Each structure stands twice: as structure tokens, then as C-alpha cells.
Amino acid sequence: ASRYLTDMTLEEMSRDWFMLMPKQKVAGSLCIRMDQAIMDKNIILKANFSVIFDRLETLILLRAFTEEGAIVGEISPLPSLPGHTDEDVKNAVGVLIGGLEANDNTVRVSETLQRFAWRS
């Protein structure tokens, strides 16, 4: 029996999105996508993690949202690749944040990612 803790609504996680000006990268075992067309916005990163004994375990899905609620980036596992580590997640988030910040966006991370950043 697994469990999942997420910042996102079901609709936020299921919603289709695509990039005006796609930028993709792959760091670790994680696909990183973001829209290069997004500039001068406030963005929040929200995540869905699996959880074991109240401890965050594995990143399932991360999406970047503007204030209008639009999706502008995503970090997700590739099915055809093995599992990722904590440092793979932190590296991937750092790539997404740096990409967004290069277009003068202000990015903050959700409470759940804030706990994942340091948790033993």
C-alpha cells in the first residue's frame, strides 16, 4: 500500500499543457520541460510525492504554475528509465528554477518541496 502527498489538485495534475517555445532537458532520470516564452511572472513549483511512514520518498510529478494558474513547466520521470535519487530531484529542480529565472520570473517552491529540500 502506497500513499501520495501533493500540493496539486487532481485537475492540476491531469491537465494537458504545452509550450509556446519549448525548452527540454534531462538531468538524472527526470524529464524537465519549460516554456521559454514565459517572462516576468511569479511562479510556484508544486509537487506530488510518494510517502512512507510520514517521510517523503519519491517525486511523482512536479509542475510550475503562474498566478493565472497556467502550467509553464514540468519535471516528470521517464517510464523507460530507472528510478531517481534525492540529488537527481534537487538537480532537476535547480535546472527548472534557473531556466525560469533567466527569463526574469520569480520562482518559489511549495511547502512540500521545502520539506524535501533538507529532510534526512
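We number the residues from 1 along the sequence you see.
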**Message:** Using only C-alpha atoms and the B-factors in the entry, which stretch averages higher, 86-94 or 28-36?
**Reply:** 28-36
**Complete:** For 77-85 versus 59-67, entry-based mean Cα B-factors point to 77-85
**Residue with maximal Cα B-factor (values as given in the PDB entry) among 109, 100, 20, 13** = 20
**Asked** Going by what the PDB entry lists, where does residue 2 fall on CA B-factor within its chain: lowest, middle or highest third?
**Response** highest
